[PDB]
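The structure file coords_16.txt is reproduced below (compact mmCIF, C-alpha atoms).
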# COMPACT_ATOMS: atom_id res chain seq x y z
CA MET A 1 0.00 0.00 0.00
CA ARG A 2 3.00 2.30 0.87
CA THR A 3 4.46 1.90 -2.68
CA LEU A 4 1.07 2.37 -4.41
CA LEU A 5 0.42 5.52 -2.39
CA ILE A 6 3.94 7.02 -3.03
CA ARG A 7 3.40 6.28 -6.74
CA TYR A 8 -0.14 7.78 -6.81
CA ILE A 9 0.77 11.02 -5.06
CA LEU A 10 3.87 11.57 -7.29
CA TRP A 11 1.70 10.77 -10.37
CA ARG A 12 -0.95 13.26 -9.19
CA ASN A 13 1.84 15.92 -9.10
CA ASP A 14 3.31 15.50 -12.62
CA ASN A 15 0.48 13.54 -14.36
CA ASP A 16 3.13 11.57 -16.36
CA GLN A 17 1.21 8.90 -18.39
CA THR A 18 4.48 6.78 -18.39
CA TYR A 19 4.00 6.19 -14.64
CA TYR A 20 0.18 5.66 -14.71
CA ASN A 21 -1.35 2.53 -13.05
CA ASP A 22 -5.01 1.25 -13.11
CA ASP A 23 -5.10 1.07 -9.23
CA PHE A 24 -5.08 4.96 -9.38
CA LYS A 25 -8.72 5.05 -10.63
CA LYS A 26 -10.03 3.64 -7.29
CA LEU A 27 -7.80 6.02 -5.26
CA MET A 28 -9.03 8.95 -7.39
CA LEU A 29 -12.63 8.28 -6.24
CA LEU A 30 -11.58 9.55 -2.75
CA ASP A 31 -11.29 13.13 -4.21
CA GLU A 32 -15.02 13.70 -3.50
CA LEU A 33 -14.20 13.52 0.28
CA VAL A 34 -12.10 16.76 0.07
CA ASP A 35 -13.67 20.22 -0.51
CA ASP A 36 -11.73 22.20 -3.18
CA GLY A 37 -12.05 25.39 -1.08
CA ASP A 38 -9.89 23.70 1.62
CA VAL A 39 -7.24 22.81 -1.07
CA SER A 40 -7.38 26.37 -2.53
CA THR A 41 -6.69 27.70 1.03
CA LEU A 42 -3.88 25.18 1.68
CA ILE A 43 -2.20 25.93 -1.74
CA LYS A 44 -2.51 29.72 -1.11
CA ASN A 45 -0.72 29.29 2.28
CA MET A 46 2.02 27.07 0.81
CA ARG A 47 2.67 29.79 -1.84
CA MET A 48 2.41 32.58 0.79
CA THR A 49 5.18 30.91 2.90
CA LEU A 50 7.09 29.32 -0.07
CA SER A 51 6.99 25.90 1.70
CA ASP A 52 5.39 22.47 2.16
CA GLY A 53 4.93 23.66 5.78
CA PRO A 54 1.13 24.16 5.54
CA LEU A 55 0.72 20.68 3.94
CA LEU A 56 2.83 19.01 6.64
CA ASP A 57 0.76 20.82 9.33
CA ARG A 58 -2.50 19.42 7.76
CA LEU A 59 -0.97 15.90 7.60
CA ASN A 60 0.14 16.10 11.23
CA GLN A 61 -3.51 16.29 12.38
CA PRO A 62 -5.11 13.15 14.04
CA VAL A 63 -6.52 10.14 12.15
CA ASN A 64 -9.16 8.30 14.26
CA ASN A 65 -11.03 6.24 11.58
CA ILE A 66 -10.66 4.88 7.98
CA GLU A 67 -12.63 7.92 6.62
CA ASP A 68 -10.06 10.23 8.32
CA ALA A 69 -7.32 8.17 6.56
CA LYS A 70 -9.13 8.26 3.17
CA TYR A 71 -9.38 12.10 3.47
CA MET A 72 -5.60 12.39 4.23
CA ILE A 73 -4.79 10.38 1.06
CA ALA A 74 -7.16 12.62 -1.01
CA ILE A 75 -5.95 15.97 0.50
CA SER A 76 -2.33 14.85 -0.30
CA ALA A 77 -3.49 13.90 -3.83
CA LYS A 78 -5.34 17.23 -4.61
CA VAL A 79 -2.49 19.32 -3.07
CA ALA A 80 0.01 17.25 -5.22
CA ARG A 81 -2.19 17.97 -8.26
CA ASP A 82 -2.78 21.74 -7.65
CA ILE A 83 0.76 22.66 -6.45
CA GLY A 84 2.32 21.82 -9.87
CA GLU A 85 5.27 19.65 -11.05
CA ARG A 86 7.84 22.56 -10.90
CA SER A 87 7.24 22.66 -7.06
CA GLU A 88 10.39 21.66 -5.21
CA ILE A 89 8.64 19.62 -2.44
CA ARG A 90 10.60 17.01 -0.39
CA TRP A 91 7.72 14.49 -0.91
CA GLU A 92 9.43 11.88 1.30
CA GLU A 93 8.77 14.13 4.38
CA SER A 94 5.02 14.27 3.53
CA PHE A 95 5.01 10.44 3.02
CA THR A 96 6.78 10.05 6.41
CA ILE A 97 3.89 11.91 8.21
CA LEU A 98 1.10 10.51 5.99
CA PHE A 99 2.20 6.90 6.52
CA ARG A 100 2.82 7.56 10.23
CA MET A 101 -0.90 8.43 10.49
CA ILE A 102 -2.49 6.04 7.93
CA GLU A 103 -0.18 2.90 8.15
CA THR A 104 -2.58 0.96 10.43
CA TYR A 105 -5.49 1.43 7.98
CA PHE A 106 -3.45 0.01 4.95
CA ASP A 107 -5.02 -3.46 5.28
CA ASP A 108 -8.59 -2.09 5.60
CA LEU A 109 -7.97 0.53 2.82
CA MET A 110 -6.78 -2.33 0.54
CA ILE A 111 -10.09 -4.13 1.32
CA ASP A 112 -12.26 -0.98 0.96
CA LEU A 113 -10.67 -0.03 -2.41
CA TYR A 114 -10.03 -3.57 -3.92
CA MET B 1 15.34 14.23 -9.94
CA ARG B 2 13.73 13.34 -6.54
CA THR B 3 10.59 11.92 -8.27
CA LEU B 4 12.58 10.03 -10.95
CA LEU B 5 14.79 8.48 -8.25
CA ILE B 6 11.81 7.50 -5.96
CA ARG B 7 10.16 5.95 -9.08
CA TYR B 8 13.33 4.10 -10.18
CA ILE B 9 14.09 2.57 -6.77
CA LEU B 10 10.42 1.46 -6.26
CA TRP B 11 10.41 0.01 -9.80
CA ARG B 12 13.67 -1.83 -9.07
CA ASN B 13 11.87 -3.47 -6.08
CA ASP B 14 8.71 -4.61 -7.91
CA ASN B 15 7.87 -4.06 -11.60
CA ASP B 16 5.05 -1.46 -12.11
CA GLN B 17 5.89 -1.52 -15.94
CA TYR B 18 8.64 1.45 -19.69
CA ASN B 19 10.97 4.52 -20.40
CA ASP B 20 14.51 5.57 -21.43
CA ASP B 21 15.08 7.35 -18.07
CA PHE B 22 15.57 4.09 -16.02
CA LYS B 23 17.98 2.70 -18.70
CA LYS B 24 20.53 5.52 -17.98
CA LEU B 25 20.16 5.06 -14.19
CA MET B 26 20.64 1.29 -14.61
CA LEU B 27 24.12 1.90 -16.12
CA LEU B 28 25.29 2.94 -12.60
CA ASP B 29 24.88 -0.73 -11.41
CA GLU B 30 28.48 -1.47 -12.59
CA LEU B 31 29.76 0.91 -9.81
CA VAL B 32 28.42 -1.48 -7.06
CA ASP B 33 30.01 -4.92 -6.40
CA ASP B 34 27.33 -7.66 -6.01
CA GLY B 35 29.29 -9.17 -3.07
CA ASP B 36 28.66 -5.94 -1.12
CA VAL B 37 24.87 -6.20 -1.93
CA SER B 38 24.83 -9.96 -0.98
CA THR B 39 26.40 -8.95 2.40
CA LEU B 40 23.97 -6.04 2.92
CA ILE B 41 20.90 -8.24 2.04
CA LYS B 42 22.16 -11.05 4.35
CA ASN B 43 22.40 -8.54 7.26
CA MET B 44 18.96 -7.01 6.55
CA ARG B 45 17.47 -10.55 6.67
CA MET B 46 19.56 -11.47 9.76
CA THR B 47 18.16 -8.43 11.68
CA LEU B 48 14.70 -8.42 9.95
CA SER B 49 15.11 -4.67 9.15
CA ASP B 50 16.09 -1.93 6.71
CA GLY B 51 18.60 -0.98 9.45
CA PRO B 52 21.70 -2.22 7.51
CA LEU B 53 20.54 -0.34 4.34
CA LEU B 54 19.96 2.89 6.29
CA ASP B 55 23.43 2.50 7.89
CA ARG B 56 25.03 2.20 4.39
CA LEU B 57 23.06 5.26 3.16
CA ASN B 58 24.10 7.29 6.21
CA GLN B 59 27.77 7.13 5.14
CA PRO B 60 29.41 10.34 3.67
CA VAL B 61 29.04 11.49 0.03
CA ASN B 62 31.97 13.73 -0.99
CA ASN B 63 31.74 13.62 -4.85
CA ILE B 64 29.28 12.80 -7.72
CA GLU B 65 30.77 9.24 -8.00
CA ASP B 66 29.97 8.71 -4.27
CA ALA B 67 26.38 9.89 -5.06
CA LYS B 68 26.12 7.63 -8.17
CA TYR B 69 27.15 4.62 -6.00
CA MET B 70 24.46 5.47 -3.36
CA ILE B 71 21.75 5.53 -6.09
CA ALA B 72 23.03 2.15 -7.46
CA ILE B 73 23.42 0.46 -3.99
CA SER B 74 19.80 1.56 -3.21
CA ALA B 75 18.71 0.19 -6.64
CA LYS B 76 20.42 -3.28 -6.28
CA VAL B 77 19.24 -3.60 -2.60
CA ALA B 78 15.68 -2.69 -3.80
CA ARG B 79 16.01 -5.35 -6.53
CA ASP B 80 17.51 -8.17 -4.39
CA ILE B 81 15.36 -7.65 -1.23
CA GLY B 82 12.11 -8.60 -3.05
CA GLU B 83 8.61 -7.03 -3.43
CA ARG B 84 7.21 -8.82 -0.29
CA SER B 85 9.73 -6.85 1.90
CA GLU B 86 7.94 -4.45 4.26
CA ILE B 87 10.47 -1.56 3.96
CA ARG B 88 9.51 2.05 4.91
CA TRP B 89 11.11 3.31 1.62
CA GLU B 90 10.43 6.97 2.51
CA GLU B 91 13.04 6.71 5.36
CA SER B 92 15.68 5.43 2.85
CA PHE B 93 14.74 8.25 0.43
CA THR B 94 14.99 10.78 3.32
CA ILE B 95 18.67 9.75 4.01
CA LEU B 96 19.55 9.15 0.31
CA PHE B 97 18.24 12.58 -0.73
CA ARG B 98 19.83 14.21 2.34
CA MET B 99 23.22 12.98 1.00
CA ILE B 100 22.71 13.23 -2.80
CA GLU B 101 20.34 16.30 -3.16
CA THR B 102 23.17 18.75 -4.00
CA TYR B 103 24.38 16.52 -6.87
CA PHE B 104 20.85 16.38 -8.54
CA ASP B 105 21.74 19.14 -11.03
CA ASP B 106 25.09 17.53 -11.97
CA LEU B 107 23.54 13.99 -12.02
CA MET B 108 20.85 15.31 -14.43
CA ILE B 109 23.70 16.64 -16.66
CA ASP B 110 25.87 13.47 -16.30
CA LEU B 111 22.95 11.13 -17.14
CA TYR B 112 21.00 13.29 -19.71

Could you write out this file's structure as structure tokens?
Amino acid sequence: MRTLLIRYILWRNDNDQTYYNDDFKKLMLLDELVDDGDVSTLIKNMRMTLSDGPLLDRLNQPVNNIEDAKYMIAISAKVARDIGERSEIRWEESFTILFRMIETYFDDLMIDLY
Amino acid sequence: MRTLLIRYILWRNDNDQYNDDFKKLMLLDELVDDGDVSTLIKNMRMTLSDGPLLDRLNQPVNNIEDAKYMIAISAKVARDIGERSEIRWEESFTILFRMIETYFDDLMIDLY
């Protein structure tokens, strides 16, 4: 699940068809869980501060259920999409936090998605 | 370069499936002796951890050739450890990129 998620988020950032996988379609359905106004706000702040800081702060918030985890995947995905490929983000730091929160739900997320 | 490298190492581990980019990166494999990888894999298995890999990656990088080796050692370990291996790859990337980040520009030039 770790690999698939790293791959999906990076793909959401550059949208390189060379690195596309069919398991991304199911993950993309989680986008409905995130309001675009929240993303707009988050992106604006990232740009305001010239950092991944605001993203990392959002990812550092508690995950108490699978729906919380699904949201975190989707917020990462939409931020990755909207921030642009030129964006010099140390993605591994975001993955560190994301997986620290969602890791436990991997098995159940695998079930819920496939 | 960060993205390409994350993609290459993960691909080396398990085959997602193809571009020219990975071909150039694969040429760096000659820099790493397979006996060193065999040893590293053996230790990882002995300890049931990425610990030995992380220890290798935490060693100093003083030139581009040092950086090229680190990419290749990561690649061959990724290959030889197997897909089933529950490795927190992001921790390896954290250390790898902490060492090699400065060389990204020159590595981009040297490879393409």

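Checking A:21, A:60, A:45, A:87 one by one against residue 101 of chain A, counting only C-alpha atoms, you find the shortest gap at A:60.
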
Please, which residues of chain A lie no more than 12 Å from chain B when the count uses only C-alpha atoms, and can they be set out as a ChimeraX atom specification?
-> /A:1-23,85-100,103

Mind listing whatever residues come within 7 Å of the point (15.0, 11.4, -21.9)? Use only C-alpha atoms, file coordinates, and give them as an NGL selection string.
-> :B and (20-21 or 112)

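Note that atom CA of residue 52 of chain A and atom CA of residue 74 of chain B are 26.0 Å apart.
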
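If only C-alpha atoms are the atoms counted, then among A:113, A:34, A:102, A:72 the closest residue to residue 59 of chain A is A:72.
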
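The space separating atom CA of residue 28 of chain A from atom CA of residue 85 of chain B comes to 26.2 Å.
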
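Atom CA of residue 38 of chain B to atom CA of residue 25 of chain B spans 20.5 Å [interatomic distance, one decimal].
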
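Shortest atom-to-atom contact with residue 109 of chain B among B:46, B:78, B:26, B:1: B:1, counting all atoms listed in the file.
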
Protein, DNA and RNA residues within 12 Å of (-10.7, 21.8, -4.5), only C-alpha atoms, as an MDAnalysis selection string | chainID A and resid 31:44 74:83
